[PDB]
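Right, one structure below, let's go through it.
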Amino acid sequence: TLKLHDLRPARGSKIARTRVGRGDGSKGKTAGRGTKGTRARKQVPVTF
RNA sequence: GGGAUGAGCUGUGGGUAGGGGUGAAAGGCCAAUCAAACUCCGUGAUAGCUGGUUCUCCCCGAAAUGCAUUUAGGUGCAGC
Ligand SMILES: [Mg+2]
Ligand SMILES: [Mg+2]
Ligand SMILES: [Mg+2]
Ligand SMILES: [Mg+2]
Ligand SMILES: [Mg+2]
Ligand SMILES: [Mg+2]
Ligand SMILES: [Mg+2]
Ligand SMILES: [Mg+2]
Ligand SMILES: [Mg+2]
Ligand SMILES: [Mg+2]
Ligand SMILES: [Mg+2]
Ligand SMILES: [Mg+2]
Ligand SMILES: [Mg+2]
Ligand SMILES: [Mg+2]
Ligand SMILES: [Mg+2]
Ligand SMILES: [Mg+2]
């Protein structure tokens, strides 16, 4: 019989979350921003 | 070293409060703080600025140019 320990999601459905800013083997110190300007600490509006 | 019977010094009690007081006037002083005191709240103010951002390996891999800009250490779009 199928039990609660025989259930598993479809392959490709659940993928892993990207945890940013956790060392140099992943997205490192600046977490993908890189800059020193506006884009390093804030959002730029779309209308601007 | 100056004044040391005077526009003197001092004690006790009181009054004036923050764009307000008080000033023989230095922006002085208002509790070791003053070109607008302190405390709590709005509040986790905002900062094109400086700093910080934490385990791993595999594959690829730039740019520092153009144009516009209250723009020139910022950003949009193109290029990569
Ligand atoms: Mg979630
Ligand atoms: Mg580091
Ligand atoms: Mg940095
Ligand atoms: Mg940038
Ligand atoms: Mg003498
Ligand atoms: Mg004497
Ligand atoms: Mg004398
Ligand atoms: Mg005043
Ligand atoms: Mg003066
Ligand atoms: Mg004082
Ligand atoms: Mg003011
Ligand atoms: Mg508010
Ligand atoms: Mg801030
Ligand atoms: Mg290579
Ligand atoms: Mg520039
Ligand atoms: Mg761009």
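With PDB author numbering applied, the first sequence covers 2 to 49.
Built from N, CA and C at the ideal position, the CB exists for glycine as well.
Quick check: the Cα distance between residue i and residue j, rounded to an integer number of angstroms?
{"i": "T39", "j": "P46", "result": "11 Å"}
{"i": "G24", "j": "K30", "result": "7 Å"}
{"i": "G13", "j": "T19", "result": "16 Å"}
{"i": "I16", "j": "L8", "result": "17 Å"}
{"i": "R34", "j": "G26", "result": "16 Å"}
{"i": "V21", "j": "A41", "result": "14 Å"}
{"i": "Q44", "j": "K4", "result": "48 Å"}
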